[PDB]
file start15.cif (mmCIF, C-alpha atoms; chains and numbers go by the auth columns)
data_my_file
loop_
_atom_site.group_PDB
_atom_site.id
_atom_site.type_symbol
_atom_site.label_atom_id
_atom_site.label_comp_id
_atom_site.label_asym_id
_atom_site.label_seq_id
_atom_site.Cartn_x
_atom_site.Cartn_y
_atom_site.Cartn_z
_atom_site.B_iso_or_equiv
_atom_site.auth_seq_id
_atom_site.auth_asym_id
ATOM 1 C CA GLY A 1 -58.747 -2.561 23.319 0.00 1 A
ATOM 2 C CA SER A 2 -57.288 0.858 22.474 0.00 2 A
ATOM 3 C CA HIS A 3 -54.488 -0.924 20.552 0.00 3 A
ATOM 4 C CA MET A 4 -51.925 1.305 18.803 0.00 4 A
ATOM 5 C CA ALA A 5 -51.800 -1.005 15.741 0.00 5 A
ATOM 6 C CA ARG A 6 -53.585 -4.049 14.285 0.00 6 A
ATOM 7 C CA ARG A 7 -50.340 -6.066 14.353 0.00 7 A
ATOM 8 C CA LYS A 8 -47.012 -5.664 16.204 0.00 8 A
ATOM 9 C CA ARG A 9 -46.704 -3.164 19.078 0.00 9 A
ATOM 10 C CA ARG A 10 -44.277 -1.269 21.337 0.00 10 A
ATOM 11 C CA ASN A 11 -44.019 -0.784 25.109 0.00 11 A
ATOM 12 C CA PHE A 12 -46.567 1.399 26.996 0.00 12 A
ATOM 13 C CA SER A 13 -50.331 1.520 26.036 0.00 13 A
ATOM 14 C CA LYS A 14 -53.252 -0.384 27.627 0.00 14 A
ATOM 15 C CA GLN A 15 -51.407 -3.687 27.175 0.00 15 A
ATOM 16 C CA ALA A 16 -48.477 -2.226 29.133 0.00 16 A
ATOM 17 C CA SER A 17 -50.767 -1.214 32.028 0.00 17 A
ATOM 18 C CA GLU A 18 -52.017 -4.825 32.280 0.00 18 A
ATOM 19 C CA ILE A 19 -48.672 -6.648 31.758 0.00 19 A
ATOM 20 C CA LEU A 20 -47.408 -4.786 34.855 0.00 20 A
ATOM 21 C CA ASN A 21 -50.459 -4.989 37.193 0.00 21 A
ATOM 22 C CA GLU A 22 -51.411 -8.501 36.061 0.00 22 A
ATOM 23 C CA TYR A 23 -47.961 -9.679 37.173 0.00 23 A
ATOM 24 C CA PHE A 24 -48.583 -8.058 40.589 0.00 24 A
ATOM 25 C CA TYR A 25 -51.744 -10.213 40.960 0.00 25 A
ATOM 26 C CA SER A 26 -50.530 -13.372 39.084 0.00 26 A
ATOM 27 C CA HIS A 27 -46.941 -13.748 40.392 0.00 27 A
ATOM 28 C CA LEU A 28 -48.162 -13.717 44.033 0.00 28 A
ATOM 29 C CA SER A 29 -48.540 -17.517 43.863 0.00 29 A
ATOM 30 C CA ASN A 30 -44.956 -18.041 42.646 0.00 30 A
ATOM 31 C CA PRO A 31 -42.282 -15.595 44.177 0.00 31 A
ATOM 32 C CA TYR A 32 -39.530 -16.615 41.683 0.00 32 A
ATOM 33 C CA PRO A 33 -39.572 -14.976 38.084 0.00 33 A
ATOM 34 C CA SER A 34 -38.114 -16.684 35.016 0.00 34 A
ATOM 35 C CA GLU A 35 -37.321 -15.996 31.349 0.00 35 A
ATOM 36 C CA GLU A 36 -40.249 -18.252 30.489 0.00 36 A
ATOM 37 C CA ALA A 37 -42.496 -16.126 32.757 0.00 37 A
ATOM 38 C CA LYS A 38 -41.222 -12.855 31.240 0.00 38 A
ATOM 39 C CA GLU A 39 -41.540 -14.335 27.774 0.00 39 A
ATOM 40 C CA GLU A 40 -45.209 -15.335 28.322 0.00 40 A
ATOM 41 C CA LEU A 41 -46.126 -11.778 29.421 0.00 41 A
ATOM 42 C CA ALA A 42 -43.888 -10.297 26.745 0.00 42 A
ATOM 43 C CA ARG A 43 -45.714 -12.279 24.043 0.00 43 A
ATOM 44 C CA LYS A 44 -49.339 -11.644 25.174 0.00 44 A
ATOM 45 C CA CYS A 45 -48.781 -7.943 25.832 0.00 45 A
ATOM 46 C CA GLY A 46 -46.295 -7.414 22.940 0.00 46 A
ATOM 47 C CA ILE A 47 -43.534 -6.217 25.314 0.00 47 A
ATOM 48 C CA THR A 48 -39.882 -7.438 25.441 0.00 48 A
ATOM 49 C CA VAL A 49 -38.763 -9.810 28.266 0.00 49 A
ATOM 50 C CA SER A 50 -36.299 -7.018 29.247 0.00 50 A
ATOM 51 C CA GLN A 51 -39.051 -4.485 30.021 0.00 51 A
ATOM 52 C CA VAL A 52 -41.100 -7.296 31.494 0.00 52 A
ATOM 53 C CA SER A 53 -38.058 -8.100 33.691 0.00 53 A
ATOM 54 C CA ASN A 54 -38.080 -4.484 34.953 0.00 54 A
ATOM 55 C CA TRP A 55 -41.555 -5.002 36.436 0.00 55 A
ATOM 56 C CA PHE A 56 -40.717 -8.482 37.756 0.00 56 A
ATOM 57 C CA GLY A 57 -37.865 -7.113 39.875 0.00 57 A
ATOM 58 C CA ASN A 58 -40.010 -4.097 40.855 0.00 58 A
ATOM 59 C CA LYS A 59 -43.098 -6.090 41.948 0.00 59 A
ATOM 60 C CA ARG A 60 -40.941 -8.389 44.103 0.00 60 A
ATOM 61 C CA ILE A 61 -39.084 -5.525 45.806 0.00 61 A
ATOM 62 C CA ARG A 62 -42.260 -3.487 46.428 0.00 62 A
ATOM 63 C CA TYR A 63 -44.411 -6.353 47.811 0.00 63 A
ATOM 64 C CA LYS A 64 -41.534 -7.739 49.923 0.00 64 A
ATOM 65 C CA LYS A 65 -41.753 -10.998 51.890 0.00 65 A
ATOM 66 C CA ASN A 66 -41.482 -10.940 55.703 0.00 66 A
ATOM 67 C CA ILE A 67 -39.474 -8.301 57.633 0.00 67 A
#

call {"tool": "encode", "arguments": {"input": "start15.cif", "output": "C-alpha cells"}}
result
Amino acid sequence: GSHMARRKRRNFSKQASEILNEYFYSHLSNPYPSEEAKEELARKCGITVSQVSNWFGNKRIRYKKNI
C-alpha cells in the first residue's frame, strides 16, 4: 500500500506510479482519452483529471501509432 494517509491523498506516491503505468497498459485497447477516463483514474488513484490528462497525452505521444 505505502499510502501517505488513511483518507484523501495528493499526486505522486505508489498510487501515482500505477495511475501512469496502468494507463500505458489499459488505454492500448482504446486510443482516444476522455474526461470520464481521466476521472476514473483520478478517483481510484486520488489524482486530479488534470494530472491524469498529463499522462494521457504523454502515453499517446510516446507509444505513437504508425509512421

call {"tool": "resolve_selection", "arguments": {"input": "start15.cif", "expression": "the PyMOL selection byres ((chain A and resi 18) around 12)", "output": "short mmCIF file (atom, residue, chain, number, x, y, z; two decimals) with C-alpha atoms, in the coordinates of the input"}}
result
data_model
loop_
_atom_site.label_atom_id
_atom_site.label_comp_id
_atom_site.auth_asym_id
_atom_site.auth_seq_id
_atom_site.Cartn_x
_atom_site.Cartn_y
_atom_site.Cartn_z
CA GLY A 1 -58.75 -2.56 23.32
CA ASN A 11 -44.02 -0.78 25.11
CA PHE A 12 -46.57 1.40 27.00
CA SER A 13 -50.33 1.52 26.04
CA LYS A 14 -53.25 -0.38 27.63
CA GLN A 15 -51.41 -3.69 27.18
CA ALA A 16 -48.48 -2.23 29.13
CA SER A 17 -50.77 -1.21 32.03
CA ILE A 19 -48.67 -6.65 31.76
CA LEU A 20 -47.41 -4.79 34.85
CA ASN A 21 -50.46 -4.99 37.19
CA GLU A 22 -51.41 -8.50 36.06
CA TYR A 23 -47.96 -9.68 37.17
CA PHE A 24 -48.58 -8.06 40.59
CA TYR A 25 -51.74 -10.21 40.96
CA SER A 26 -50.53 -13.37 39.08
CA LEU A 41 -46.13 -11.78 29.42
CA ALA A 42 -43.89 -10.30 26.74
CA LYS A 44 -49.34 -11.64 25.17
CA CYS A 45 -48.78 -7.94 25.83
CA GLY A 46 -46.30 -7.41 22.94
CA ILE A 47 -43.53 -6.22 25.31
CA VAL A 52 -41.10 -7.30 31.49
CA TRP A 55 -41.56 -5.00 36.44
#

call {"tool": "residues_around", "arguments": {"input": "start15.cif", "residues": "residue 36 of chain A", "least_positions_apart": "2", "cutoff": "12 Å", "atoms": "all atoms listed in the file", "output": "PDB file with C-alpha atoms, in the coordinates of the input"}}
result
ATOM      1  CA  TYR A  32     -39.530 -16.615  41.683  1.00  0.00           C
ATOM      2  CA  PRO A  33     -39.572 -14.976  38.084  1.00  0.00           C
ATOM      3  CA  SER A  34     -38.114 -16.684  35.016  1.00  0.00           C
ATOM      4  CA  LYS A  38     -41.222 -12.855  31.240  1.00  0.00           C
ATOM      5  CA  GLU A  39     -41.540 -14.335  27.774  1.00  0.00           C
ATOM      6  CA  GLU A  40     -45.209 -15.335  28.322  1.00  0.00           C
ATOM      7  CA  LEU A  41     -46.126 -11.778  29.421  1.00  0.00           C
ATOM      8  CA  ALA A  42     -43.888 -10.297  26.745  1.00  0.00           C
ATOM      9  CA  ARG A  43     -45.714 -12.279  24.043  1.00  0.00           C
ATOM     10  CA  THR A  48     -39.882  -7.438  25.441  1.00  0.00           C
ATOM     11  CA  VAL A  49     -38.763  -9.810  28.266  1.00  0.00           C
ATOM     12  CA  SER A  50     -36.299  -7.018  29.247  1.00  0.00           C
ATOM     13  CA  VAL A  52     -41.100  -7.296  31.494  1.00  0.00           C
ATOM     14  CA  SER A  53     -38.058  -8.100  33.691  1.00  0.00           C
TER      15      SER A  53
END

call {"tool": "atom_distance", "arguments": {"input": "start15.cif", "atom1": "atom CA of residue 51 of chain A", "atom2": "atom CA of residue 27 of chain A"}}
result
16.0 Å

call {"tool": "atom_distance", "arguments": {"input": "start15.cif", "atom1": "atom CA of residue 65 of chain A", "atom2": "atom CA of residue 35 of chain A"}}
result
21.6 Å

call {"tool": "atom_distance", "arguments": {"input": "start15.cif", "atom1": "atom CA of residue 60 of chain A", "atom2": "atom CA of residue 37 of chain A"}}
result
13.8 Å

call {"tool": "axis_aligned_box", "arguments": {"input": "start15.cif", "around": "segment 37-45 of chain A", "padding_each_side": "4 Å", "output": "JSON"}}
result
{"center_x": -45.3, "center_y": -12.0, "center_z": 28.4, "size_x": 16.1, "size_y": 16.2, "size_z": 16.7}

call {"tool": "residues_around", "arguments": {"input": "start15.cif", "residues": "segment 62-64 of chain A", "least_positions_apart": "2", "cutoff": "10 Å", "atoms": "only C-alpha atoms", "output": "number ranges by chain"}}
result
A: 24, 28, 31, 57-60, 66-67

call {"tool": "decode", "arguments": {"input": "start15.cif", "residues": "segment 20-47 of chain A", "atoms": "N, CA, C and O atoms", "output": "JSON list (two decimals), in the first residue's frame"}}
result
[["chain", "number", "residue", "atom", "x", "y", "z"],
["A", 20, "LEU", "N", -0.23, 6.12, -13.79],
["A", 20, "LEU", "CA", 0.52, 6.39, -15.02],
["A", 20, "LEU", "C", 0.74, 5.09, -15.84],
["A", 20, "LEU", "O", 0.29, 4.99, -16.99],
["A", 21, "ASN", "N", 1.45, 4.10, -15.25],
["A", 21, "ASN", "CA", 1.78, 2.88, -15.99],
["A", 21, "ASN", "C", 0.55, 2.06, -16.35],
["A", 21, "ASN", "O", 0.48, 1.49, -17.44],
["A", 22, "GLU", "N", -0.44, 2.03, -15.45],
["A", 22, "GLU", "CA", -1.67, 1.29, -15.72],
["A", 22, "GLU", "C", -2.34, 1.82, -16.96],
["A", 22, "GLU", "O", -2.84, 1.05, -17.77],
["A", 23, "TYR", "N", -2.32, 3.16, -17.14],
["A", 23, "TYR", "CA", -2.90, 3.76, -18.34],
["A", 23, "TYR", "C", -2.16, 3.27, -19.58],
["A", 23, "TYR", "O", -2.78, 2.97, -20.60],
["A", 24, "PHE", "N", -0.82, 3.19, -19.48],
["A", 24, "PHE", "CA", 0.00, 2.71, -20.60],
["A", 24, "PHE", "C", -0.41, 1.29, -21.05],
["A", 24, "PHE", "O", -0.27, 0.93, -22.22],
["A", 25, "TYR", "N", -0.83, 0.47, -20.10],
["A", 25, "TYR", "CA", -1.25, -0.92, -20.41],
["A", 25, "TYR", "C", -2.77, -1.05, -20.67],
["A", 25, "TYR", "O", -3.21, -2.03, -21.28],
["A", 26, "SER", "N", -3.57, -0.12, -20.11],
["A", 26, "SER", "CA", -5.05, -0.22, -20.18],
["A", 26, "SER", "C", -5.68, 0.64, -21.28],
["A", 26, "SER", "O", -6.81, 0.36, -21.71],
["A", 27, "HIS", "N", -4.97, 1.67, -21.74],
["A", 27, "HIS", "CA", -5.50, 2.56, -22.79],
["A", 27, "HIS", "C", -5.05, 2.11, -24.19],
["A", 27, "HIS", "O", -5.39, 2.74, -25.19],
["A", 28, "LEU", "N", -4.31, 0.98, -24.25],
["A", 28, "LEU", "CA", -3.84, 0.42, -25.51],
["A", 28, "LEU", "C", -5.04, 0.03, -26.37],
["A", 28, "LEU", "O", -5.04, 0.21, -27.59],
["A", 29, "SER", "N", -6.06, -0.54, -25.71],
["A", 29, "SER", "CA", -7.27, -1.01, -26.38],
["A", 29, "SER", "C", -8.03, 0.14, -27.04],
["A", 29, "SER", "O", -8.56, 0.00, -28.15],
["A", 30, "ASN", "N", -8.12, 1.28, -26.33],
["A", 30, "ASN", "CA", -8.85, 2.45, -26.82],
["A", 30, "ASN", "C", -7.90, 3.67, -26.96],
["A", 30, "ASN", "O", -7.50, 4.23, -25.95],
["A", 31, "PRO", "N", -7.48, 4.04, -28.19],
["A", 31, "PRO", "CA", -6.51, 5.18, -28.41],
["A", 31, "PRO", "C", -7.00, 6.55, -27.89],
["A", 31, "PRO", "O", -6.19, 7.42, -27.60],
["A", 32, "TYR", "N", -8.33, 6.76, -27.91],
["A", 32, "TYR", "CA", -8.88, 8.09, -27.56],
["A", 32, "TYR", "C", -9.19, 8.27, -26.04],
["A", 32, "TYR", "O", -10.08, 7.62, -25.50],
["A", 33, "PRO", "N", -8.51, 9.24, -25.34],
["A", 33, "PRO", "CA", -8.80, 9.56, -23.89],
["A", 33, "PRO", "C", -10.04, 10.44, -23.76],
["A", 33, "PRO", "O", -10.46, 11.09, -24.72],
["A", 34, "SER", "N", -10.61, 10.46, -22.56],
["A", 34, "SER", "CA", -11.80, 11.25, -22.27],
["A", 34, "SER", "C", -11.80, 11.70, -20.82],
["A", 34, "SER", "O", -11.11, 11.12, -19.98],
["A", 35, "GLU", "N", -12.62, 12.72, -20.52],
["A", 35, "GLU", "CA", -12.75, 13.22, -19.15],
["A", 35, "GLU", "C", -13.22, 12.11, -18.24],
["A", 35, "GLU", "O", -12.75, 11.99, -17.11],
["A", 36, "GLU", "N", -14.13, 11.26, -18.75],
["A", 36, "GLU", "CA", -14.61, 10.13, -17.99],
["A", 36, "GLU", "C", -13.45, 9.18, -17.68],
["A", 36, "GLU", "O", -13.33, 8.70, -16.55],
["A", 37, "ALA", "N", -12.57, 8.94, -18.68],
["A", 37, "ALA", "CA", -11.41, 8.07, -18.49],
["A", 37, "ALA", "C", -10.46, 8.65, -17.45],
["A", 37, "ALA", "O", -10.00, 7.94, -16.55],
["A", 38, "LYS", "N", -10.17, 9.96, -17.58],
["A", 38, "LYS", "CA", -9.27, 10.64, -16.63],
["A", 38, "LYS", "C", -9.86, 10.62, -15.23],
["A", 38, "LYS", "O", -9.15, 10.47, -14.25],
["A", 39, "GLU", "N", -11.17, 10.83, -15.17],
["A", 39, "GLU", "CA", -11.91, 10.89, -13.93],
["A", 39, "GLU", "C", -11.86, 9.54, -13.20],
["A", 39, "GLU", "O", -11.69, 9.51, -11.98],
["A", 40, "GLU", "N", -12.00, 8.44, -13.95],
["A", 40, "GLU", "CA", -11.96, 7.10, -13.35],
["A", 40, "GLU", "C", -10.60, 6.83, -12.70],
["A", 40, "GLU", "O", -10.53, 6.36, -11.56],
["A", 41, "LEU", "N", -9.51, 7.18, -13.42],
["A", 41, "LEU", "CA", -8.15, 7.01, -12.88],
["A", 41, "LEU", "C", -7.90, 7.99, -11.74],
["A", 41, "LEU", "O", -7.26, 7.64, -10.74],
["A", 42, "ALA", "N", -8.40, 9.20, -11.91],
["A", 42, "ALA", "CA", -8.25, 10.25, -10.92],
["A", 42, "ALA", "C", -8.86, 9.82, -9.59],
["A", 42, "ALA", "O", -8.30, 10.08, -8.52],
["A", 43, "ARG", "N", -10.04, 9.20, -9.67],
["A", 43, "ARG", "CA", -10.78, 8.76, -8.48],
["A", 43, "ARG", "C", -10.15, 7.56, -7.77],
["A", 43, "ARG", "O", -10.12, 7.53, -6.53],
["A", 44, "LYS", "N", -9.69, 6.55, -8.54],
["A", 44, "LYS", "CA", -9.13, 5.33, -7.92],
["A", 44, "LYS", "C", -7.74, 5.57, -7.34],
["A", 44, "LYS", "O", -7.35, 4.94, -6.35],
["A", 45, "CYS", "N", -6.98, 6.45, -7.99],
["A", 45, "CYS", "CA", -5.62, 6.76, -7.57],
["A", 45, "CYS", "C", -5.55, 8.01, -6.68],
["A", 45, "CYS", "O", -4.53, 8.26, -6.04],
["A", 46, "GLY", "N", -6.65, 8.79, -6.64],
["A", 46, "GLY", "CA", -6.71, 10.00, -5.81],
["A", 46, "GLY", "C", -6.01, 11.20, -6.47],
["A", 46, "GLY", "O", -5.65, 12.17, -5.79],
["A", 47, "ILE", "N", -5.83, 11.13, -7.80],
["A", 47, "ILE", "CA", -5.18, 12.20, -8.55],
["A", 47, "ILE", "C", -6.28, 13.02, -9.28],
["A", 47, "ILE", "O", -7.40, 12.56, -9.41]]
